[PDB]
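This report concerns only the one structure given below.
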Amino acid sequence: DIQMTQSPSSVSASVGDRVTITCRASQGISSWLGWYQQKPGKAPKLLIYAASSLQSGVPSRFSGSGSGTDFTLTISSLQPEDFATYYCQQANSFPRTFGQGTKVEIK
Amino acid sequence: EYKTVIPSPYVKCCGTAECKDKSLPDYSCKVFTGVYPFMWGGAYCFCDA
Amino acid sequence: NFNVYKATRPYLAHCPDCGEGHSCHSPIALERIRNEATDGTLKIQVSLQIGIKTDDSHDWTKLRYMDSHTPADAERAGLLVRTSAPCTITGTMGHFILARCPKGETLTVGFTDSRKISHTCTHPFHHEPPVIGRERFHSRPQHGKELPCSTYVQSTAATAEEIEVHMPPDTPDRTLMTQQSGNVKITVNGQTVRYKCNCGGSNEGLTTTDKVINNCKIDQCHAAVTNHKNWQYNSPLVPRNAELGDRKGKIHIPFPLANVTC
Amino acid sequence: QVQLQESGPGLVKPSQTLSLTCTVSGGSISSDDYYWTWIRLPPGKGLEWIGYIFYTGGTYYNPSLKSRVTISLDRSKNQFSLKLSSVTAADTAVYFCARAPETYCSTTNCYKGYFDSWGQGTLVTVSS
Amino acid sequence: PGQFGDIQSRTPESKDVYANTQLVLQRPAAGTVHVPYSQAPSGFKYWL
């Protein structure tokens, strides 16, 4: 099975700052990685697909990057509604698993 | 009277085979190309040439 | 004795005429026919084994044959041989049949399966027994003369003629793969399988459990079964598993010749 | 638009059967272009994928839990349900039912392999 | 190749055999596994 990890485990930043989270996989997954945002009391919601493109209807402030084994999630400017939990997930070879996640809090 | 002995054929896919000489009476060897054998469950080897 | 048959298995082979004028792959197939005796007795070789059950116990009323990936049992009462008119069966052991039959130009064999299905295979042949003496006759007379002659003996003793057994090759089977909406699935049913696909990634391995391949369509993969524990005769109708064969054992041919009078 | 809502009590006794029925709203499981998945999140742990099922009945599972987990189909009720036998005290967690599409893509860019729709979930209590 | 004396030996217990029959291998048919050949029939049977 493909082993996944995220960094950092926690995010603390003020309004308007840039937040970057990296996802590392133990096996090559090429372009198969996504990003999910989880609100308190709700299920994670996918916002980034194909590891570079952003979901339709999502504000343009969200973006993704990385290739091969390390992938980086980039948000242009932090907003009050962006303080949630974020995960990564691969889609290359079965079984498909999830990352450990990261919690974002107001600095 | 006499008897003839024929051992099983050797099928090699995606490659070329060869044979050596022997001292047995009336010995013969030959190599053919372009074969695509079948069995009861489907084709034998993946290569089509 | 039947101890020599403990580790062997039946097999499938090609037959030129399936009964309707087309070719088929059949569980009963013909090898060479020997007609060396001067009295007109024939010796036949087949691909099934007579007298032995699936657990290697002796039983005169049973025969075993090869189904898809597994042997099974059947009854002897359905075995028949004919060359135009029907023949008469005189003795059986393992792969071999001894019979007497009228003159003709064809030869057919058949039997009845475990699900009420019949099978047959036919070959061309020329049968004409030789003539002994200065007269041609059709049946045995009551008053006559005696002349030297030859025959086959109903004996199961060890003989000096032997045939060999080797390891089987890999067996392809298409039905293992299944298609489900964009990906290909593999079913095993408790065996070793060997697969190779030419799609992106060049995945190859040797699995024993179910697997799934992502974005790799059918018409691009292959499957076979590769873990075997029994030995098989090296028929000229089946391909060799390796460049140099690995000999494991041998079994003997019964029913030798002797001198008699007729 | 398809949305997922579930049914079934989140209270079960140990070593008994835990069942979670996830009902489809604004859709049908008769579709042949989607999977159906079950996922759990243990306390202090991320999302654990259990496997998936296909509308005909094709199944594949996670190796760890395959000895117990068994999925089924209910087309008339438009539901898919999970059954987990031999539950343990360590099985207390939050579950989610999710969906994903599958198709033959190329050029390494596609929506395939990502969960697009999610349920509401339940807080399963495995206690005497 | 087809008359009396194609196979010769010095005694029924000897191991040396001389043979002068014709044997040529031919091309296999499409879709089948087999070993076809061509050979002159036995001369001892003809004499009888």
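Miscellaneous remarks
Residue by residue, here is whether (1) out of contact with any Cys (no Cβ under 7 Å at 6 or more places or on another chain); (2) under 25 Å from C:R174 (Cα atoms); (3) outside any loop (DSSP other than H, G, I, E, B) holds:
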residue	(1), (2), (3)
B:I6	yes, no, no
B:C14	no, yes, no
B:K22	yes, no, no
B:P25	yes, no, no
B:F32	yes, no, no
B:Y36	yes, yes, no
B:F46	yes, yes, no
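- Candidates are the residues of the range A:40-63 that are within 14 Å of another protein chain (Cβ to nearest Cβ) and within 20 Å of A:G16 (Cβ to Cβ); the one that is farthest from the chain's Cα centre (by Cα) is A:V58.
- Residues in the range E:21-33 that are closer than 19 Å to B:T4 by Cα and either surrounded by 13 or more Cβ atoms within 10 Å (Cβ to Cβ) or at the interface with chain B (Cβ under 8 Å from one of its Cβ atoms) (or both): E:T21, E:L23, E:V24, E:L25, E:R27, E:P28, E:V33.
- Some residue of the range D:59-77 being within 14 Å of chain A (Cβ to nearest Cβ), at negative phi, surrounded by fewer than 13 Cβ atoms within 10 Å (Cβ to Cβ) and among the small types (G, A, S): yes
- Taken over the range A:65-99, the criterion of being under 11 Å from the mean Cα position of the chain (by Cα) and under 15 Å from A:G16 (Cβ atoms) is satisfied by A:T74, A:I75.
- In the set D:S86, D:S76, D:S30, D:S67, only one residue is under 24 Å from D:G113 (Cβ atoms) and part of a loop (DSSP other than H, G, I, E, B); that residue is D:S30.
- Checking D:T37, D:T21 one by one, the residue that is in a strand (DSSP E or B), in contact with a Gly (Cβ under 6 Å, 6 or more places away or on another chain) and closer than 25 Å to A:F98 by Cα is D:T21 and no other.
- If you go through the range A:1-20 and keep only what is hydroxyl-bearing (S, T, Y) and part of a loop (DSSP other than H, G, I, E, B), you end up with A:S9, A:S14.
- The set of residues in the range A:82-92 that are surrounded by fewer than 21 Cβ atoms within 10 Å (Cβ to Cβ) and assigned to a loop (DSSP other than H, G, I, E, B) comprises A:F83, A:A84, A:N92.
- Residue check: B:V31 meets all listed conditions (1) closer than 28 Å to C:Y195 by Cα; (2) among the hydrophobic types (A, V, I, L, M, F, W, C); (3) touching a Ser or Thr at 6+ places or on another chain (Cβ under 9 Å) but one, namely (1).
- Within the range C:92-108, the set of residues being of a type in the set (G, A, S) and farther than 23 Å from C:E128 by Cβ comprises just one member, C:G94.
- Filter pass, D:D91 being more than 8 Å from every other protein chain (Cβ to nearest Cβ) and in contact with a strand residue (DSSP E or B) (Cβ under 8 Å, 6 or more places away or on another chain): yes
- Total residues in the range A:21-58, condition part of a strand (DSSP E or B), small (G, A, S) and over 15 Å from A:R96 (Cβ atoms): 1
- Filter result for D:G46 (of a type in the set (G, A, S), farther than 22 Å from D:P9 by Cα and more than 10 Å from chain A (Cβ to nearest Cβ)): no
- Selection within the range D:40-59 - assigned to a strand (DSSP E or B) and not charged (D, E, K, R): D:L41, D:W49, D:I50, D:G51, D:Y52, D:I53, D:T59
- Among strands (runs of 3 or more DSSP E) entirely within the range C:102-202, having at least 2 residues that are touching a residue at least 24 places away in the same chain (Cβ under 8 Å) and over 30 Å from C:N3 (Cβ atoms) singles out C:104-112, C:118-127, C:148-152, C:177-180, C:183-186, C:193-196.
Where a number appears in this text, it was derived from the coordinates with a stated rule and is not lab data. All Cβ positions, even for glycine, are placed from backbone atoms using ideal geometry, and neighbour counts span all protein chains on display.
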